[PDB]
Every structure is written in structure tokens, then in C-alpha cells.
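**Student:** Can you keep this structure in mind? I'll have questions shortly.
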Amino acid sequence: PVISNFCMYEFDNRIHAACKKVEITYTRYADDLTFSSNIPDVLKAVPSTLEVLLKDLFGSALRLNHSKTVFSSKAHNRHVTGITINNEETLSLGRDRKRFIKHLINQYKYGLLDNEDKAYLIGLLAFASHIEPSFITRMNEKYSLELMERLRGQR
DNA sequence: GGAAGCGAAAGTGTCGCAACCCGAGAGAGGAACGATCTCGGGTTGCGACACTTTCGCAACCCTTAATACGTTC
């Protein structure tokens, strides 16, 4: 991990320098470059810059995956490395995963959840508390605080 | 990267069919010799197709891993 992070220090530096001037923010989760901007029609020129910079730096060894270059906007689904970005500009787990968690909690309410799926739900609710804290409060309202306390951590 | 099978893709040879040629022959006419149409091989050109070669998909996972619960690469 650290070797791969260092091998793209110059790539990250050049991309960030050339990308912040056009008002585009750039990140990389070590294999997955993310660009976003509030200015329309400026991201369409980024993949060519990425390709030419990769050729300049790594030659032919490192290259983009042209089948994995995805454009998106508020008209479509928006998720960055597993977290859905709402139309309200807030982080979320997505409607489908939040309904899945609701189904799991409802199953636990009636004692239809075995040990393995109970552990999976406690793990997923820890992750949900990390990503979307308001979901925990909403589930406390929906499924009562006592039931959530019995499932989640008690000490 | 690439077993083992197998099939795609492209190139090359081959082999049968058509088209023509060429000698032999019975004998039209009409009064003889041999016109003319056919029989039997033989040659060549051509194109469809069979055969030949190369490439590429992707087993396994090497001695050599860790094992609370969840996302991410």
C-alpha cells in the first residue's frame, strides 16, 4: 500500500495542481481517481489529461481503464468508493442498503435473526454509525431505543 | 503466465468441372470421294473447398494465509 501510494506521489501532485486551477477537486483511493466540479463541461477534458500524464510519467506500464471511466451528475446515481452522495449533498448508505438494514432490525425485533446475521447487522450498524450518524437516530425513533440498545453495544 | 481442449482467422494447395481442341470414323450427297456430326481422349483455367498454421481463452496457485463484526482497495 505505501509503495503504491508513493509511486503516484508525482502523479497526484501534478493532477491536483492542474485540476485545482479549473475548480475541480481530486482524490484517489489508490486505484480509483475521483474528480468533481460545480462547473459544467469541464470534466470531459480530464481523461485525456490523465492519459497524457500517465504516458509522461509511467510510460506504457500504467494506463487508465477506459471501460471504468464514468461520468455522473445529480440526474443519476452518485457514489464514491461505496458511499452514496445524496441530492442534498450529504453522505448516505443508499436507500437499498438502508432498507436492508431496516429489514434486518425488524427480523431481530421478532427473534427471526440467528447469531451470524445478528453479528453481521451489528457490524453494518457500526459502519452506518460511522458513515451516516443520523440513520442511527432514525432507527432509534422507528424501532425504539430499547431494542437498539439490546442489539448494539451495551456496557 | 497459460494445462488441455478447441475453435477463429488467415493462407495455401488441390481437385473436380467446364470449356475447348483435335484426331477417328461412319458415311450425305448423288454417282465419286468424303460433308458433317459425333466418340474418345487430352489439356488448361478456375474457383470452391479442404487442409495447414498460428493465436488465444484461462485449469491450477506453487512450501510460504489468517480466521471478533462491518464497509474500501
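Each chain of the C-alpha cells is named A, B, ... in the order shown, its residues numbered from 1; ligands are numbered from 1 in display order.
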Near chain A, which residues of chain B fall within 12 Å when you count only C-alpha atoms (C1' of nucleotides), and what do they look like as a PyMOL selection string?
**Tutor:** chain B and resi 68-73
**Student:** For C-alpha atoms (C1' of nucleotides), I'd like the residues from the last selection saved as a short mmCIF file (atom, residue, chain, number, x, y, z; two decimals), in the first residue's frame.
**Tutor:**
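In the end it all went to part.cif:
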```
data_model
loop_
_atom_site.label_atom_id
_atom_site.label_comp_id
_atom_site.auth_asym_id
_atom_site.auth_seq_id
_atom_site.Cartn_x
_atom_site.Cartn_y
_atom_site.Cartn_z
"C1'" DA B 68 -14.29 -10.92 16.65
"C1'" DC B 69 -18.05 -7.89 13.19
"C1'" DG B 70 -18.69 -4.45 9.04
"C1'" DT B 71 -17.76 -1.43 4.65
"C1'" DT B 72 -12.99 0.29 0.72
"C1'" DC B 73 -8.96 -1.01 -2.44
#
```
**Student:** Looking only at strand (DSSP E or B) from DSSP on the backbone, list the matching residues of stretch 55-90 of chain A as a list in words.
**Tutor:**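 The strand (DSSP E or B) subset of stretch 55-90 of chain A is residues 79, 80, 83, 84 and 85 of chain A.
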**Student:** Write a file of the just-selected residues containing N, CA and C atoms, as a tab-separated table (two decimals), in the first residue's frame.
**Tutor:**
```tsv
chain	number	residue	atom	x	y	z
A	79	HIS	N	-22.11	7.79	-6.29
A	79	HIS	CA	-21.46	7.15	-5.16
A	79	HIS	C	-19.95	7.16	-5.36
A	80	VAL	N	-19.23	7.46	-4.28
A	80	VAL	CA	-17.77	7.50	-4.29
A	80	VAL	C	-17.28	6.42	-3.34
A	83	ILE	N	-19.89	5.00	-0.85
A	83	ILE	CA	-20.79	5.90	-0.14
A	83	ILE	C	-21.60	6.69	-1.17
A	84	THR	N	-22.92	6.58	-1.09
A	84	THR	CA	-23.79	7.33	-1.98
A	84	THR	C	-23.87	8.79	-1.54
A	85	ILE	N	-23.71	9.69	-2.50
A	85	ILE	CA	-23.86	11.12	-2.26
A	85	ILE	C	-25.29	11.51	-2.63
```
**Student:** How close does stretch 38-127 of chain A get to stretch 3-16 of chain A? List, as JSON lines, each residue of stretch 38-127 of chain A within 12 Å, its nearest atom pair and the distance in Å to one decimal, counting only C-alpha atoms.
**Tutor:**
```
{"residue": "A:46", "atom": "CA", "partner": "A:15", "partner_atom": "CA", "distance": 9.4}
{"residue": "A:47", "atom": "CA", "partner": "A:15", "partner_atom": "CA", "distance": 11.0}
{"residue": "A:48", "atom": "CA", "partner": "A:15", "partner_atom": "CA", "distance": 11.8}
{"residue": "A:49", "atom": "CA", "partner": "A:15", "partner_atom": "CA", "distance": 8.4}
{"residue": "A:50", "atom": "CA", "partner": "A:15", "partner_atom": "CA", "distance": 7.7}
{"residue": "A:51", "atom": "CA", "partner": "A:15", "partner_atom": "CA", "distance": 11.1}
{"residue": "A:52", "atom": "CA", "partner": "A:15", "partner_atom": "CA", "distance": 11.0}
{"residue": "A:53", "atom": "CA", "partner": "A:11", "partner_atom": "CA", "distance": 7.4}
{"residue": "A:54", "atom": "CA", "partner": "A:11", "partner_atom": "CA", "distance": 7.6}
{"residue": "A:55", "atom": "CA", "partner": "A:11", "partner_atom": "CA", "distance": 10.8}
{"residue": "A:56", "atom": "CA", "partner": "A:11", "partner_atom": "CA", "distance": 9.8}
{"residue": "A:57", "atom": "CA", "partner": "A:11", "partner_atom": "CA", "distance": 7.4}
{"residue": "A:58", "atom": "CA", "partner": "A:11", "partner_atom": "CA", "distance": 9.3}
{"residue": "A:62", "atom": "CA", "partner": "A:8", "partner_atom": "CA", "distance": 10.5}
```
**Student:** As a list in words, please: the residues near residue B:57 (cut-off 12 Å, only C-alpha atoms (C1' of nucleotides), same-chain neighbours under 6 positions excluded).
**Tutor:**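 So the residues in contact are residues 2, 4, 5, 6, 7 and 8 of chain B.
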**Student:** Keeping only N, CA, C and O atoms (P, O5', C5', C4', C3', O3' and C1' of nucleotides), take the residues you just selected and write them out as a PDB file, in the first residue's frame.
**Tutor:**
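In the end it all went to out-v2.pdb:
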```pdb
ATOM      1  P    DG B   2       3.596 -18.252 -20.347  1.00  0.00           P
ATOM      2  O5'  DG B   2       2.365 -19.243 -20.114  1.00  0.00           O
ATOM      3  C5'  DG B   2       2.352 -20.111 -18.989  1.00  0.00           C
ATOM      4  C4'  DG B   2       1.110 -20.984 -19.002  1.00  0.00           C
ATOM      5  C3'  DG B   2       0.741 -21.549 -20.368  1.00  0.00           C
ATOM      6  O3'  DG B   2       0.271 -22.880 -20.240  1.00  0.00           O
ATOM      7  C1'  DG B   2      -1.004 -20.121 -19.578  1.00  0.00           C
ATOM      8  P    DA B   4      -1.109 -30.486 -19.757  1.00  0.00           P
ATOM      9  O5'  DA B   4      -2.332 -30.683 -20.780  1.00  0.00           O
ATOM     10  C5'  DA B   4      -3.520 -31.341 -20.338  1.00  0.00           C
ATOM     11  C4'  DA B   4      -4.727 -30.976 -21.195  1.00  0.00           C
ATOM     12  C3'  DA B   4      -4.601 -31.285 -22.691  1.00  0.00           C
ATOM     13  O3'  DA B   4      -5.523 -32.320 -23.028  1.00  0.00           O
ATOM     14  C1'  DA B   4      -5.637 -29.164 -22.293  1.00  0.00           C
ATOM     15  P    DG B   5      -5.858 -32.675 -24.559  1.00  0.00           P
ATOM     16  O5'  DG B   5      -7.091 -31.719 -24.906  1.00  0.00           O
ATOM     17  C5'  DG B   5      -8.175 -31.616 -23.994  1.00  0.00           C
ATOM     18  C4'  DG B   5      -9.294 -30.766 -24.566  1.00  0.00           C
ATOM     19  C3'  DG B   5      -9.529 -30.919 -26.075  1.00  0.00           C
ATOM     20  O3'  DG B   5     -10.903 -31.201 -26.311  1.00  0.00           O
ATOM     21  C1'  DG B   5      -9.459 -28.649 -25.470  1.00  0.00           C
ATOM     22  P    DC B   6     -11.450 -31.424 -27.804  1.00  0.00           P
ATOM     23  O5'  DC B   6     -11.751 -29.950 -28.319  1.00  0.00           O
ATOM     24  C5'  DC B   6     -12.485 -29.065 -27.510  1.00  0.00           C
ATOM     25  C4'  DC B   6     -12.499 -27.689 -28.131  1.00  0.00           C
ATOM     26  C3'  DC B   6     -12.765 -27.660 -29.650  1.00  0.00           C
ATOM     27  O3'  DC B   6     -13.907 -26.845 -29.952  1.00  0.00           O
ATOM     28  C1'  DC B   6     -10.935 -26.279 -29.047  1.00  0.00           C
ATOM     29  P    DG B   7     -14.862 -27.158 -31.215  1.00  0.00           P
ATOM     30  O5'  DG B   7     -14.998 -25.737 -31.925  1.00  0.00           O
ATOM     31  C5'  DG B   7     -15.253 -24.591 -31.140  1.00  0.00           C
ATOM     32  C4'  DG B   7     -14.389 -23.430 -31.585  1.00  0.00           C
ATOM     33  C3'  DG B   7     -14.468 -23.095 -33.082  1.00  0.00           C
ATOM     34  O3'  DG B   7     -14.930 -21.764 -33.250  1.00  0.00           O
ATOM     35  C1'  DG B   7     -12.242 -23.050 -32.286  1.00  0.00           C
ATOM     36  P    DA B   8     -15.422 -21.240 -34.688  1.00  0.00           P
ATOM     37  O5'  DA B   8     -14.625 -19.870 -34.878  1.00  0.00           O
ATOM     38  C5'  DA B   8     -14.582 -18.926 -33.817  1.00  0.00           C
ATOM     39  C4'  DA B   8     -13.490 -17.895 -34.047  1.00  0.00           C
ATOM     40  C3'  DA B   8     -13.451 -17.293 -35.444  1.00  0.00           C
ATOM     41  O3'  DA B   8     -13.109 -15.923 -35.362  1.00  0.00           O
ATOM     42  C1'  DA B   8     -11.405 -18.405 -35.006  1.00  0.00           C
TER      43       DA B   8
END
```
**Student:** Which is closer to residue B:39 than all the others in B:23, B:61, B:52, B:11, using only C-alpha atoms (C1' of nucleotides)?
**Tutor:**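 Using only C-alpha atoms (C1' of nucleotides), residue B:39 sits closest to B:23.
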**Student:** Grab the atom CA of residue A:133 to atom CA of residue A:90 distance for me, in Å with one decimal place.
**Tutor:**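 So the answer is 11.4 Å.
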**Student:** Which polymer residues have any atom within 12 Å of an atom of residue B:15, counting only C-alpha atoms (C1' of nucleotides), with same-chain residues fewer than 6 positions away left out, as a PDB file with N, CA and C atoms (P, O5', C5', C4', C3', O3' and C1' of nucleotides), in the first residue's frame?
**Tutor:**
```pdb
ATOM      1  P    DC B  46      -8.086 -18.364 -65.725  1.00  0.00           P
ATOM      2  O5'  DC B  46      -9.122 -18.953 -64.668  1.00  0.00           O
ATOM      3  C5'  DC B  46     -10.391 -19.399 -65.126  1.00  0.00           C
ATOM      4  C4'  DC B  46     -11.188 -20.024 -64.002  1.00  0.00           C
ATOM      5  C3'  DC B  46     -11.058 -19.328 -62.647  1.00  0.00           C
ATOM      6  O3'  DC B  46     -12.334 -19.264 -62.051  1.00  0.00           O
ATOM      7  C1'  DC B  46     -10.578 -21.606 -62.414  1.00  0.00           C
ATOM      8  P    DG B  47     -12.939 -17.876 -61.517  1.00  0.00           P
ATOM      9  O5'  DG B  47     -13.631 -18.309 -60.147  1.00  0.00           O
ATOM     10  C5'  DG B  47     -14.698 -19.251 -60.179  1.00  0.00           C
ATOM     11  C4'  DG B  47     -14.561 -20.281 -59.072  1.00  0.00           C
ATOM     12  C3'  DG B  47     -14.329 -19.706 -57.663  1.00  0.00           C
ATOM     13  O3'  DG B  47     -15.179 -20.368 -56.730  1.00  0.00           O
ATOM     14  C1'  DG B  47     -12.803 -21.391 -58.098  1.00  0.00           C
ATOM     15  P    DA B  48     -16.261 -19.546 -55.872  1.00  0.00           P
ATOM     16  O5'  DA B  48     -17.034 -20.686 -55.058  1.00  0.00           O
ATOM     17  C5'  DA B  48     -17.498 -21.848 -55.735  1.00  0.00           C
ATOM     18  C4'  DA B  48     -17.025 -23.110 -55.034  1.00  0.00           C
ATOM     19  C3'  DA B  48     -17.102 -23.066 -53.509  1.00  0.00           C
ATOM     20  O3'  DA B  48     -17.790 -24.212 -53.034  1.00  0.00           O
ATOM     21  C1'  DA B  48     -14.907 -23.695 -54.218  1.00  0.00           C
ATOM     22  P    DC B  49     -18.181 -24.341 -51.483  1.00  0.00           P
ATOM     23  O5'  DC B  49     -17.052 -25.306 -50.903  1.00  0.00           O
ATOM     24  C5'  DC B  49     -16.631 -26.423 -51.668  1.00  0.00           C
ATOM     25  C4'  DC B  49     -15.324 -26.974 -51.139  1.00  0.00           C
ATOM     26  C3'  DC B  49     -15.200 -26.984 -49.610  1.00  0.00           C
ATOM     27  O3'  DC B  49     -14.727 -28.249 -49.183  1.00  0.00           O
ATOM     28  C1'  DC B  49     -13.301 -26.020 -50.572  1.00  0.00           C
ATOM     29  P    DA B  50     -15.047 -28.787 -47.703  1.00  0.00           P
ATOM     30  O5'  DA B  50     -13.824 -29.766 -47.395  1.00  0.00           O
ATOM     31  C5'  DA B  50     -13.294 -30.580 -48.430  1.00  0.00           C
ATOM     32  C4'  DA B  50     -11.780 -30.634 -48.345  1.00  0.00           C
ATOM     33  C3'  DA B  50     -11.218 -30.922 -46.951  1.00  0.00           C
ATOM     34  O3'  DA B  50     -10.171 -31.893 -47.054  1.00  0.00           O
ATOM     35  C1'  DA B  50     -10.306 -28.895 -47.798  1.00  0.00           C
TER      36       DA B  50
END
```
**Student:** Using only C-alpha atoms (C1' of nucleotides), which residue out of B:1, B:43, B:56, B:65 lies closest to residue B:21?
**Tutor:**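 Checking each candidate against residue B:21, we get B:43 as the closest.
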**Student:** Please indicate the distance in Å from atom CA of residue A:72 to atom CA of residue A:33, rounded to one decimal place.
**Tutor:**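 Straight-line distance from atom CA of residue A:72 to atom CA of residue A:33 works out to 13.8 Å.
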**Student:** Residues within 12 Å of residue A:142, please, as a VMD selection string. Count only C-alpha atoms (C1' of nucleotides); anything in the same chain fewer than 4 positions from it doesn't count.
**Tutor:** chain A and resid 102 to 103 105 to 106 109 135 to 138 146 to 148
**Student:** Restrict the selected residues to C-alpha atoms and save them as a compact mmCIF listing (two decimals), in the first residue's frame.
**Tutor:**
```txt
# COMPACT_ATOMS: atom_id res chain seq x y z
CA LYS A 102 -34.29 -1.89 8.39
CA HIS A 103 -35.37 -5.40 7.35
CA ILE A 105 -33.60 -4.88 12.51
CA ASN A 106 -37.25 -5.85 12.03
CA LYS A 109 -37.30 -7.50 16.67
CA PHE A 135 -29.52 6.81 10.39
CA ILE A 136 -28.89 5.53 13.92
CA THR A 137 -31.20 8.21 15.35
CA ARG A 138 -33.86 7.47 12.73
CA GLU A 146 -34.61 -0.20 23.93
CA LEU A 147 -34.46 -2.66 21.02
CA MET A 148 -31.43 -0.92 19.52
```
**Student:** Determine which residues of chain A DSSP labels as helix (DSSP H, G or I) from the backbone of this structure, then write them out as a short mmCIF file (atom, residue, chain, number, x, y, z; two decimals) with N, CA and C atoms, in the first residue's frame.
**Tutor:**
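Contents of the output file selection-v2.cif:
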```
data_model
loop_
_atom_site.label_atom_id
_atom_site.label_comp_id
_atom_site.auth_asym_id
_atom_site.auth_seq_id
_atom_site.Cartn_x
_atom_site.Cartn_y
_atom_site.Cartn_z
N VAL A 2 1.83 1.38 0.87
CA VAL A 2 2.61 2.62 0.94
C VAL A 2 3.50 2.77 -0.29
N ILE A 3 4.02 1.66 -0.83
CA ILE A 3 4.82 1.74 -2.05
C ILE A 3 3.98 2.26 -3.21
N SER A 4 2.75 1.75 -3.33
CA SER A 4 1.87 2.21 -4.40
C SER A 4 1.42 3.65 -4.18
N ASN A 5 1.22 4.05 -2.92
CA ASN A 5 0.90 5.45 -2.64
C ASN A 5 2.05 6.37 -3.03
N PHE A 6 3.28 5.95 -2.75
CA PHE A 6 4.43 6.78 -3.08
C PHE A 6 4.68 6.82 -4.58
N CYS A 7 4.46 5.70 -5.28
CA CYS A 7 4.73 5.65 -6.71
C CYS A 7 3.84 6.60 -7.50
N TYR A 9 2.97 9.68 -6.06
CA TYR A 9 3.08 10.98 -5.41
C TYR A 9 3.18 12.09 -6.46
N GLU A 10 4.02 11.89 -7.47
CA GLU A 10 4.17 12.90 -8.51
C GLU A 10 2.93 12.99 -9.38
N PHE A 11 2.30 11.84 -9.67
CA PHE A 11 1.05 11.86 -10.43
C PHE A 11 -0.02 12.62 -9.67
N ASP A 12 -0.15 12.35 -8.37
CA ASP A 12 -1.13 13.07 -7.56
C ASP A 12 -0.82 14.56 -7.52
N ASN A 13 0.46 14.91 -7.36
CA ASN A 13 0.84 16.32 -7.27
C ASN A 13 0.50 17.05 -8.56
N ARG A 14 0.89 16.49 -9.71
CA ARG A 14 0.62 17.14 -10.99
C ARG A 14 -0.87 17.21 -11.27
N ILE A 15 -1.60 16.12 -11.00
CA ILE A 15 -3.04 16.12 -11.26
C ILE A 15 -3.74 17.15 -10.39
N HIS A 16 -3.39 17.21 -9.10
CA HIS A 16 -4.01 18.17 -8.20
C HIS A 16 -3.69 19.60 -8.63
N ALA A 17 -2.43 19.86 -9.00
CA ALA A 17 -2.05 21.21 -9.42
C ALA A 17 -2.80 21.63 -10.68
N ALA A 18 -2.88 20.74 -11.67
CA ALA A 18 -3.56 21.07 -12.91
C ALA A 18 -5.08 21.05 -12.78
N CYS A 19 -5.59 20.43 -11.72
CA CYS A 19 -7.02 20.22 -11.54
C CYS A 19 -7.67 21.26 -10.64
N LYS A 20 -6.94 21.80 -9.67
CA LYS A 20 -7.49 22.83 -8.81
C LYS A 20 -7.60 24.18 -9.50
N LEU A 43 -15.19 18.52 -16.80
CA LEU A 43 -14.67 17.19 -16.52
C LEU A 43 -14.44 16.38 -17.79
N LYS A 44 -15.09 16.74 -18.89
CA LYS A 44 -14.94 15.97 -20.13
C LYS A 44 -13.53 16.03 -20.68
N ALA A 45 -12.74 17.03 -20.30
CA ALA A 45 -11.37 17.18 -20.78
C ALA A 45 -10.34 16.54 -19.85
N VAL A 46 -10.78 15.94 -18.75
CA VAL A 46 -9.88 15.38 -17.74
C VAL A 46 -9.28 14.04 -18.17
N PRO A 47 -10.06 13.09 -18.73
CA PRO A 47 -9.45 11.79 -19.07
C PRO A 47 -8.28 11.88 -20.04
N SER A 48 -8.33 12.81 -21.00
CA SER A 48 -7.19 13.00 -21.89
C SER A 48 -5.96 13.47 -21.13
N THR A 49 -6.16 14.40 -20.18
CA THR A 49 -5.06 14.85 -19.34
C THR A 49 -4.49 13.70 -18.52
N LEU A 50 -5.36 12.85 -17.98
CA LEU A 50 -4.90 11.69 -17.22
C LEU A 50 -4.08 10.76 -18.10
N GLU A 51 -4.54 10.50 -19.32
CA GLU A 51 -3.83 9.59 -20.21
C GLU A 51 -2.46 10.15 -20.58
N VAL A 52 -2.39 11.44 -20.93
CA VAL A 52 -1.11 12.01 -21.33
C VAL A 52 -0.15 12.08 -20.14
N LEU A 53 -0.67 12.38 -18.94
CA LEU A 53 0.20 12.40 -17.77
C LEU A 53 0.71 11.01 -17.42
N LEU A 54 -0.15 9.99 -17.55
CA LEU A 54 0.30 8.62 -17.29
C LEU A 54 1.37 8.20 -18.29
N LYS A 55 1.19 8.56 -19.57
CA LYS A 55 2.22 8.27 -20.56
C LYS A 55 3.52 9.00 -20.24
N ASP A 56 3.42 10.26 -19.80
CA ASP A 56 4.61 11.03 -19.48
C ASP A 56 5.36 10.42 -18.30
N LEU A 57 4.63 10.00 -17.27
CA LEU A 57 5.26 9.54 -16.03
C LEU A 57 5.67 8.07 -16.09
N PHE A 58 4.70 7.17 -16.28
CA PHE A 58 4.94 5.74 -16.22
C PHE A 58 5.11 5.10 -17.59
N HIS A 66 -10.38 2.34 -19.64
CA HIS A 66 -11.37 3.13 -20.38
C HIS A 66 -12.79 2.60 -20.20
N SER A 67 -12.94 1.33 -19.84
CA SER A 67 -14.26 0.78 -19.55
C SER A 67 -14.79 1.19 -18.19
N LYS A 68 -13.94 1.78 -17.34
CA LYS A 68 -14.32 2.19 -15.99
C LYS A 68 -14.32 3.70 -15.82
N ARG A 95 -30.54 4.14 -0.45
CA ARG A 95 -31.86 3.71 0.00
C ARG A 95 -31.92 2.19 0.15
N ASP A 96 -31.33 1.46 -0.80
CA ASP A 96 -31.41 0.00 -0.77
C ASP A 96 -30.73 -0.59 0.46
N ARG A 97 -29.52 -0.11 0.79
CA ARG A 97 -28.81 -0.63 1.97
C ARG A 97 -29.50 -0.22 3.26
N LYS A 98 -30.14 0.94 3.26
CA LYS A 98 -30.81 1.37 4.47
C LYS A 98 -32.12 0.61 4.68
N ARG A 99 -32.79 0.21 3.59
CA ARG A 99 -33.95 -0.68 3.71
C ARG A 99 -33.53 -2.10 4.09
N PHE A 100 -32.38 -2.55 3.60
CA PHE A 100 -31.84 -3.85 4.01
C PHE A 100 -31.56 -3.87 5.51
N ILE A 101 -30.94 -2.80 6.03
CA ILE A 101 -30.69 -2.73 7.46
C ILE A 101 -32.00 -2.67 8.24
N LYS A 102 -32.99 -1.93 7.73
CA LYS A 102 -34.29 -1.89 8.39
C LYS A 102 -34.93 -3.27 8.45
N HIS A 103 -34.85 -4.03 7.35
CA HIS A 103 -35.37 -5.40 7.35
C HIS A 103 -34.65 -6.26 8.38
N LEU A 104 -33.33 -6.13 8.47
CA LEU A 104 -32.58 -6.91 9.45
C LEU A 104 -33.01 -6.57 10.88
N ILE A 105 -33.18 -5.28 11.17
CA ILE A 105 -33.60 -4.88 12.51
C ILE A 105 -35.01 -5.38 12.81
N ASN A 106 -35.90 -5.33 11.82
CA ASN A 106 -37.25 -5.85 12.03
C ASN A 106 -37.23 -7.35 12.28
N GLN A 107 -36.37 -8.08 11.56
CA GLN A 107 -36.23 -9.51 11.81
C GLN A 107 -35.72 -9.76 13.22
N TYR A 108 -34.76 -8.97 13.68
CA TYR A 108 -34.26 -9.13 15.04
C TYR A 108 -35.33 -8.79 16.08
N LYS A 109 -36.25 -7.88 15.73
CA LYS A 109 -37.30 -7.50 16.67
C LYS A 109 -38.17 -8.69 17.06
N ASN A 115 -27.49 -16.02 14.96
CA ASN A 115 -26.30 -15.39 15.52
C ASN A 115 -25.43 -14.74 14.45
N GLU A 116 -25.23 -15.43 13.32
CA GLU A 116 -24.35 -14.90 12.28
C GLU A 116 -24.92 -13.64 11.65
N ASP A 117 -26.20 -13.65 11.30
CA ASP A 117 -26.80 -12.46 10.73
C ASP A 117 -26.92 -11.35 11.78
N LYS A 118 -27.06 -11.70 13.06
CA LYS A 118 -27.04 -10.68 14.11
C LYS A 118 -25.69 -10.00 14.19
N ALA A 119 -24.60 -10.77 14.12
CA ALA A 119 -23.27 -10.18 14.12
C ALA A 119 -23.05 -9.33 12.87
N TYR A 120 -23.52 -9.81 11.72
CA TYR A 120 -23.42 -9.02 10.50
C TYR A 120 -24.18 -7.70 10.63
N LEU A 121 -25.36 -7.71 11.25
CA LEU A 121 -26.09 -6.46 11.42
C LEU A 121 -25.41 -5.54 12.44
N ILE A 122 -24.84 -6.08 13.52
CA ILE A 122 -24.11 -5.20 14.44
C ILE A 122 -22.91 -4.57 13.73
N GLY A 123 -22.22 -5.33 12.87
CA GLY A 123 -21.12 -4.75 12.12
C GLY A 123 -21.57 -3.69 11.13
N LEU A 124 -22.66 -3.95 10.42
CA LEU A 124 -23.17 -2.99 9.45
C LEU A 124 -23.69 -1.73 10.12
N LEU A 125 -24.26 -1.85 11.32
CA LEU A 125 -24.73 -0.67 12.04
C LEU A 125 -23.58 0.13 12.63
N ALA A 126 -22.48 -0.53 13.01
CA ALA A 126 -21.28 0.24 13.34
C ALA A 126 -20.79 1.03 12.12
N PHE A 127 -20.76 0.39 10.95
CA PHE A 127 -20.34 1.09 9.74
C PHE A 127 -21.30 2.23 9.40
N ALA A 128 -22.61 2.00 9.56
CA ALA A 128 -23.60 3.03 9.30
C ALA A 128 -23.47 4.19 10.28
N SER A 129 -23.18 3.89 11.55
CA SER A 129 -22.95 4.95 12.52
C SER A 129 -21.72 5.77 12.14
N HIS A 130 -20.70 5.12 11.59
CA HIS A 130 -19.54 5.87 11.11
C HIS A 130 -19.90 6.77 9.94
N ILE A 131 -20.61 6.23 8.95
CA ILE A 131 -20.84 6.98 7.71
C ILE A 131 -21.99 7.97 7.87
N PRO A 133 -24.44 9.08 10.72
CA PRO A 133 -24.91 9.02 12.12
C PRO A 133 -26.41 9.23 12.27
N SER A 134 -27.03 10.03 11.40
CA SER A 134 -28.46 10.29 11.52
C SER A 134 -29.31 9.04 11.31
N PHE A 135 -28.79 8.06 10.58
CA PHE A 135 -29.52 6.81 10.39
C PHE A 135 -29.73 6.09 11.71
N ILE A 136 -28.75 6.16 12.61
CA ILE A 136 -28.89 5.53 13.92
C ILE A 136 -30.03 6.18 14.70
N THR A 137 -30.11 7.51 14.66
CA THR A 137 -31.20 8.21 15.35
C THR A 137 -32.55 7.86 14.72
N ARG A 138 -32.61 7.81 13.39
CA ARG A 138 -33.86 7.47 12.73
C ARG A 138 -34.31 6.05 13.08
N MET A 139 -33.37 5.11 13.16
CA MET A 139 -33.70 3.76 13.58
C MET A 139 -34.08 3.69 15.05
N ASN A 140 -33.50 4.56 15.88
CA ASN A 140 -33.92 4.65 17.27
C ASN A 140 -35.37 5.11 17.37
N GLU A 141 -35.76 6.08 16.55
CA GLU A 141 -37.16 6.50 16.52
C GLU A 141 -38.06 5.39 16.00
N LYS A 142 -37.65 4.72 14.92
CA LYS A 142 -38.54 3.74 14.28
C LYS A 142 -38.67 2.47 15.10
N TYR A 143 -37.56 1.95 15.61
CA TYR A 143 -37.53 0.64 16.26
C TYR A 143 -37.32 0.73 17.77
N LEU A 145 -35.62 2.90 21.26
CA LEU A 145 -34.25 2.91 21.75
C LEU A 145 -33.90 1.62 22.49
N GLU A 146 -34.88 1.00 23.15
CA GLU A 146 -34.61 -0.20 23.93
C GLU A 146 -34.16 -1.35 23.04
N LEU A 147 -34.84 -1.57 21.92
CA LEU A 147 -34.46 -2.66 21.02
C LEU A 147 -33.07 -2.45 20.45
N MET A 148 -32.76 -1.22 20.03
CA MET A 148 -31.43 -0.92 19.52
C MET A 148 -30.37 -1.10 20.59
N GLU A 149 -30.68 -0.72 21.83
CA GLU A 149 -29.73 -0.91 22.92
C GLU A 149 -29.46 -2.39 23.17
N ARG A 150 -30.51 -3.22 23.13
CA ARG A 150 -30.31 -4.65 23.29
C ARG A 150 -29.46 -5.23 22.16
N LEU A 151 -29.70 -4.80 20.92
CA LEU A 151 -28.87 -5.32 19.83
C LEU A 151 -27.45 -4.77 19.90
#
```
**Student:** Using only C-alpha atoms (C1' of nucleotides), which residues sit within 7 Å of residue A:37 once same-chain residues fewer than 6 positions away are excluded, as an mmCIF file with N, CA, C and O atoms, in the first residue's frame?
**Tutor:**
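The resulting file, out_28.cif, is shown below:
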```
data_model
loop_
_atom_site.group_PDB
_atom_site.id
_atom_site.type_symbol
_atom_site.label_atom_id
_atom_site.label_comp_id
_atom_site.auth_asym_id
_atom_site.auth_seq_id
_atom_site.Cartn_x
_atom_site.Cartn_y
_atom_site.Cartn_z
ATOM 1 N N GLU A 23 -10.998 24.558 -10.964
ATOM 2 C CA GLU A 23 -12.019 24.381 -9.927
ATOM 3 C C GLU A 23 -12.592 22.961 -9.957
ATOM 4 O O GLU A 23 -13.801 22.742 -10.037
ATOM 5 N N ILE A 24 -11.695 21.983 -9.907
ATOM 6 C CA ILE A 24 -12.074 20.579 -9.796
ATOM 7 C C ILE A 24 -11.275 19.971 -8.655
ATOM 8 O O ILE A 24 -10.048 20.120 -8.600
ATOM 9 N N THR A 25 -11.964 19.305 -7.734
ATOM 10 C CA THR A 25 -11.305 18.623 -6.631
ATOM 11 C C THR A 25 -11.009 17.175 -7.002
ATOM 12 O O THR A 25 -11.789 16.525 -7.704
#
```
